[PDB]
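One chain comes next, on its own, written as structure tokens: the form deposited in one PDB entry.
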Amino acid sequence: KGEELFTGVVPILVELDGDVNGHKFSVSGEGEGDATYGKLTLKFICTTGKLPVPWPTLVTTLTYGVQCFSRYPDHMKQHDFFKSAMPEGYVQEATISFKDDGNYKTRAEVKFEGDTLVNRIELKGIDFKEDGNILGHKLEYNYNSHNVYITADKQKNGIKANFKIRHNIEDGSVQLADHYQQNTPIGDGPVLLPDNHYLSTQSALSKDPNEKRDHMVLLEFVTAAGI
């Protein structure tokens, strides 16, 4: 059973390759997750130089693959798809539509590489406005608390996730970002197909005072609820 691999602290590696309106970039993430408390401590670094998009627009993409660290209460343990697909893992597909702007289409794979949870991501962003909230860097360096609504897809032997992200613009306004996530297992083994529920997410963004590269330090708490 996959949940037995998450009883303690597990090291995490996130590698992202992106392209938004022709602007190519790479992000490397390192940290750890402790599913017993739904705790994620991560540090993401843009290894290609300056990030052409604001850091908050990438939080869901960079934390999507680590939803296996969500704290599922004991009474909800039969509803944990994420941990059940482990060690073999799952393929991730997401479409992030920014209101009155472009979209991000992501393809990722999350699995165990030894005793390390790895998330390899490819991001493709198109039709973004030059002086928009994204390419114009008009978004505040913060992240609002939200829910990730999960539904099962028995035909694909996986799950779906739907939620709205409201990014805070510097003028006090809001930039809506609708998310549609789809997860399909890599392995042939049995996975847990859940009833409708949600993941309550709280995220705190910060900077490392001694780090000179474009980066993002993240403290995140994810908890399953609804059942």
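Numbers for residues come from their place in the sequence shown, where the first is 1.
Keep in mind that the form solved in complex with a partner chain is not shown, yet the notes after this line are about it.
At the 4.5 Å threshold, heavy atoms of residue 81 stay clear of the partner chain in the deposited complex, well away from it. Taking the partner from the other structure, the partner chain in the deposited complex has a heavy atom within 4.5 Å of a heavy atom of residue 168.
Using a 4.5 angstroms threshold between heavy atoms, residue 203 counts as touching the partner chain in the deposited complex.
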